[PDB]
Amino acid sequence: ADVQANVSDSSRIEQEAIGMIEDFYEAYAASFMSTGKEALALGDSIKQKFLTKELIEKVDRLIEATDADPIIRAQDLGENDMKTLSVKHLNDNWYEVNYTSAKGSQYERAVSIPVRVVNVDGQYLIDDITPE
């Protein structure tokens, strides 16, 4: 059986996955600070680094379907939005990215994106969001 080894490995691996997801969202959020071609350039560079080829194509479909960025479920980020970032494990390889959009205002909105993680040769990558 070995409960302690299964438990501590599961806890470690989940925290490693959470760490990558946190790094993606903090890096991606910073790309919204620029208001020129470099904003999109960095945003796409970060998506090329952290997301799989399959998910990036699904994000384009959702960009075409909605009129919002499916990664943040918004058009833009207020500068205080990512300070409320909180990631946690759901089940299996699914994690939930939580943050409050427009915190403090009359348009304050709780955002909750389920994201799925794959490990390729030691590197963690997000391979799906918002289940289809």
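Just count from 1 along the sequence shown to find any residue number.
With 68 to 76 and 88 to 96 compared on mean CA B-factor from the PDB entry, the stretch scoring higher is 88 to 96. The mean C-alpha temperature factor is higher for 36 to 44 when 36 to 44 and 22 to 30 are set side by side.
When all modelled residues of the chain are sorted by CA temperature factor, residue 49 is found within the lowest third. Split the chain's modelled residues into thirds by C-alpha temperature factor. Residue 17 is in the lowest one. Among the modelled residues of its chain, residue 82 has a C-alpha B-factor that falls in the lowest third according to the deposited record.
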